[PDB]
Amino acid sequence: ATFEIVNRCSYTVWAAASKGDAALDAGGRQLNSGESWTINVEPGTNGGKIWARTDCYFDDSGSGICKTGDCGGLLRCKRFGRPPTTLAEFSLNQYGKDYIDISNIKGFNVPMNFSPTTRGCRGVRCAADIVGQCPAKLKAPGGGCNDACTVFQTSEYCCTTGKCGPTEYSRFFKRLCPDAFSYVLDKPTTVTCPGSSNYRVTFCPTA
């Protein structure tokens with residue numbers, strides 16, 4: 001499947017794409033404002049994620065650090081990135097269907113629209129000013145708004161027992177972005193699309 005990743009933000013982001021134990025395509029690239037990066041993701045990919053990283057520095061070997069979304073210091077991510085990170089998530093060709101969603105379960109750093117470029121389903125977006133409105137206890141010095149699990153590490157925020165409810169903190173992400181997962185057992189906002197759809201991820205879709 002092809003994904004076009006577009007930076008509409010007025011600032012540079014370093015895009016990342018991983019299935020958590022391997023890079024998807026090159027795994028990461030710098031995107032200046034307005035740049036597009038087209039990647040190919042093998043059919044059947046389960047548990048893929050794409051995110052933006054902010055304020056990164058990399059040397060000539062692609063080793064460095066980012067203030068949000070850092071994936072063990074690499075330009076080309078093999079692993080998932082450090083919260084806070086707005087996530088585009090996807091499982092492809094699962095019994096003839098593709099499943100996409102946006103998640104705030106690992107916090108928010110950059111607004112995002114995640115839409116099919118092919119026919120037969122709709123896109124999802126989280127474009128509100130979550131960092132601006134972030135509760136003081138969730139604010140990341142880095143930039144970004146962390147999820148409560150990352151900050152407090154409780155069974156309730158992390159849903160570690162498989163039983164947990166919405167919280168003051170999850171309700172905040174949900175009020176600003178109703179179409180993004182706000183906690184692990186949130187009522188699913190997954191979109192089902194035709195198997196082998198193609199997609200576009202846009203950072204700062206409103207910008």
# chains A, B, ... in the order shown; residues from 1 in each chain; ligands from 1

$ residues_around --residues "residue 5 of chain A" --least-positions-apart "5" --cutoff "9 Å" --atoms "only C-alpha atoms" --output "PyMOL selection string"
chain A and resi 15+31+35-39+50+199-203

$ write_last_selection --atoms "C-alpha atoms" --output "PDB file, in the first residue's frame"
ATOM      1  CA  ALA A  15       8.375  11.771  10.056  1.00  0.00           C
ATOM      2  CA  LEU A  31      10.126  16.934   6.128  1.00  0.00           C
ATOM      3  CA  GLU A  35       7.351  18.496   1.723  1.00  0.00           C
ATOM      4  CA  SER A  36       5.732  15.078   0.885  1.00  0.00           C
ATOM      5  CA  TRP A  37       7.300  11.680   1.438  1.00  0.00           C
ATOM      6  CA  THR A  38       5.806   8.616  -0.292  1.00  0.00           C
ATOM      7  CA  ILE A  39       6.399   5.304   1.338  1.00  0.00           C
ATOM      8  CA  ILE A  50       3.275   6.818  11.606  1.00  0.00           C
ATOM      9  CA  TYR A 199      -3.608   6.744   2.257  1.00  0.00           C
ATOM     10  CA  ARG A 200      -2.346  10.221   3.073  1.00  0.00           C
ATOM     11  CA  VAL A 201      -1.161  11.402   6.462  1.00  0.00           C
ATOM     12  CA  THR A 202      -1.089  15.249   6.719  1.00  0.00           C
ATOM     13  CA  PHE A 203       0.621  17.001   9.645  1.00  0.00           C
TER      14      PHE A 203
END

$ residues_around --residues "segment 142-144 of chain A" --least-positions-apart "5" --cutoff "12 Å" --atoms "only C-alpha atoms" --output "compact mmCIF listing (two decimals) with N, CA, C and O atoms, in the first residue's frame"
# COMPACT_ATOMS: atom_id res chain seq x y z
N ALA A 52 4.96 12.15 13.83
CA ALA A 52 5.93 13.24 13.59
C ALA A 52 6.80 13.34 14.84
O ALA A 52 6.36 13.08 15.99
N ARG A 53 8.03 13.73 14.62
CA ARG A 53 8.94 14.05 15.73
C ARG A 53 9.31 15.52 15.57
O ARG A 53 9.44 16.04 14.43
N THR A 54 9.55 16.21 16.70
CA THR A 54 9.82 17.66 16.65
C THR A 54 11.17 17.94 17.29
O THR A 54 11.63 17.16 18.14
N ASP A 55 11.81 19.01 16.81
CA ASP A 55 13.12 19.52 17.30
C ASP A 55 14.16 18.45 17.38
O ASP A 55 14.60 18.12 18.49
N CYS A 56 14.54 17.87 16.23
CA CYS A 56 15.51 16.78 16.22
C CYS A 56 16.85 17.36 15.78
O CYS A 56 16.89 18.36 15.05
N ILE A 65 18.83 13.09 18.50
CA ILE A 65 17.81 13.15 19.56
C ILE A 65 16.70 14.06 19.03
O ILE A 65 16.97 15.01 18.27
N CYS A 66 15.48 13.78 19.49
CA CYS A 66 14.31 14.61 19.20
C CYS A 66 13.60 14.87 20.53
O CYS A 66 13.62 13.99 21.43
N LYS A 67 12.93 16.03 20.60
CA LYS A 67 12.21 16.48 21.82
C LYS A 67 10.93 15.78 21.98
O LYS A 67 10.49 15.58 23.12
N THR A 68 10.32 15.36 20.87
CA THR A 68 9.13 14.48 20.94
C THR A 68 9.29 13.34 19.96
O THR A 68 9.84 13.58 18.84
N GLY A 69 8.78 12.15 20.33
CA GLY A 69 8.70 11.05 19.41
C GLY A 69 10.03 10.34 19.12
O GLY A 69 10.11 9.53 18.20
N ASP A 70 11.05 10.59 19.93
CA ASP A 70 12.38 10.07 19.64
C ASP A 70 12.33 8.51 19.60
O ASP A 70 11.67 7.91 20.51
N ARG A 82 9.13 7.86 21.60
CA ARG A 82 8.89 8.23 23.02
C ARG A 82 7.69 9.23 23.07
O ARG A 82 7.71 10.21 22.28
N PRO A 83 6.65 9.01 23.93
CA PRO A 83 5.53 10.01 24.09
C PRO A 83 6.08 11.41 24.44
O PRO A 83 7.10 11.49 25.09
N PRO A 84 5.40 12.51 24.11
CA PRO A 84 4.07 12.50 23.49
C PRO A 84 4.16 12.39 21.97
O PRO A 84 5.00 13.05 21.35
N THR A 85 3.24 11.63 21.38
CA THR A 85 3.20 11.44 19.91
C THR A 85 1.78 11.19 19.48
O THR A 85 1.23 10.14 19.89
N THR A 86 1.19 12.09 18.69
CA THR A 86 -0.12 11.82 18.02
C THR A 86 0.18 10.64 17.05
O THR A 86 1.22 10.69 16.41
N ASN A 104 -4.61 9.24 20.65
CA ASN A 104 -4.01 10.09 21.69
C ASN A 104 -3.61 9.30 22.95
O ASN A 104 -3.26 9.90 24.02
N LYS A 106 -0.95 7.74 23.55
CA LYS A 106 0.43 8.10 23.92
C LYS A 106 0.64 9.60 23.80
O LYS A 106 1.80 10.07 23.55
N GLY A 107 -0.43 10.36 24.01
CA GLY A 107 -0.32 11.85 24.09
C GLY A 107 -0.42 12.47 22.70
O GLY A 107 -0.74 11.79 21.71
N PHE A 108 -0.12 13.73 22.63
CA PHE A 108 -0.27 14.52 21.40
C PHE A 108 0.92 15.43 21.22
O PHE A 108 1.40 16.11 22.14
N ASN A 109 1.43 15.51 20.00
CA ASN A 109 2.47 16.51 19.76
C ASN A 109 2.14 17.42 18.57
O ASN A 109 2.26 18.64 18.67
N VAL A 110 1.60 16.84 17.50
CA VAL A 110 1.40 17.59 16.26
C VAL A 110 0.00 17.22 15.77
O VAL A 110 -0.34 16.03 15.78
N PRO A 111 -0.80 18.20 15.29
CA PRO A 111 -2.10 17.83 14.73
C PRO A 111 -1.93 17.01 13.42
O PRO A 111 -0.92 17.12 12.72
N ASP A 129 -6.10 22.40 19.17
CA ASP A 129 -4.93 22.90 19.88
C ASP A 129 -4.79 22.19 21.24
O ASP A 129 -4.89 22.82 22.31
N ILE A 130 -4.48 20.91 21.20
CA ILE A 130 -4.27 20.16 22.42
C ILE A 130 -3.06 20.63 23.20
O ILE A 130 -3.12 20.63 24.41
N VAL A 131 -1.96 21.04 22.55
CA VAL A 131 -0.82 21.45 23.35
C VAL A 131 -1.14 22.78 24.13
O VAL A 131 -0.76 22.95 25.33
N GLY A 132 -1.73 23.73 23.40
CA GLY A 132 -2.16 25.00 24.00
C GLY A 132 -3.07 24.81 25.23
O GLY A 132 -2.90 25.52 26.23
N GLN A 133 -4.02 23.89 25.13
CA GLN A 133 -5.05 23.69 26.20
C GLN A 133 -4.67 22.61 27.23
O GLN A 133 -5.42 22.38 28.17
N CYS A 134 -3.50 21.95 27.04
CA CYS A 134 -3.07 20.81 27.85
C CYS A 134 -3.12 21.13 29.38
O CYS A 134 -2.64 22.19 29.81
N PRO A 135 -3.70 20.25 30.20
CA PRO A 135 -3.70 20.44 31.67
C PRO A 135 -2.28 20.57 32.14
O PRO A 135 -1.39 19.91 31.59
N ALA A 136 -2.04 21.46 33.11
CA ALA A 136 -0.68 21.73 33.53
C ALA A 136 0.10 20.46 33.86
O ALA A 136 1.28 20.39 33.59
N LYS A 137 -0.53 19.45 34.51
CA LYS A 137 0.21 18.21 34.91
C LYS A 137 0.63 17.32 33.75
O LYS A 137 1.54 16.49 33.88

$ closest_residue --among "A:71, A:100, A:193, A:16" --to "residue 120 of chain A" --atoms "only C-alpha atoms"
A:193

$ closest_residue --among "A:168, A:60, A:98, A:25" --to "residue 147 of chain A" --atoms "only C-alpha atoms"
A:168

$ atom_distance --atom1 "atom CA of residue 176 of chain A" --atom2 "atom CA of residue 11 of chain A"
22.5 Å

$ closest_residue --among "A:123, A:195, A:81, A:64" --to "residue 23 of chain A" --atoms "only C-alpha atoms"
A:81

$ residues_around --residues "residue 9 of chain A" --least-positions-apart "5" --cutoff "8 Å" --atoms "only C-alpha atoms" --output "JSON, numbers by chain"
{"A": [33, 34, 203, 204, 205, 207]}
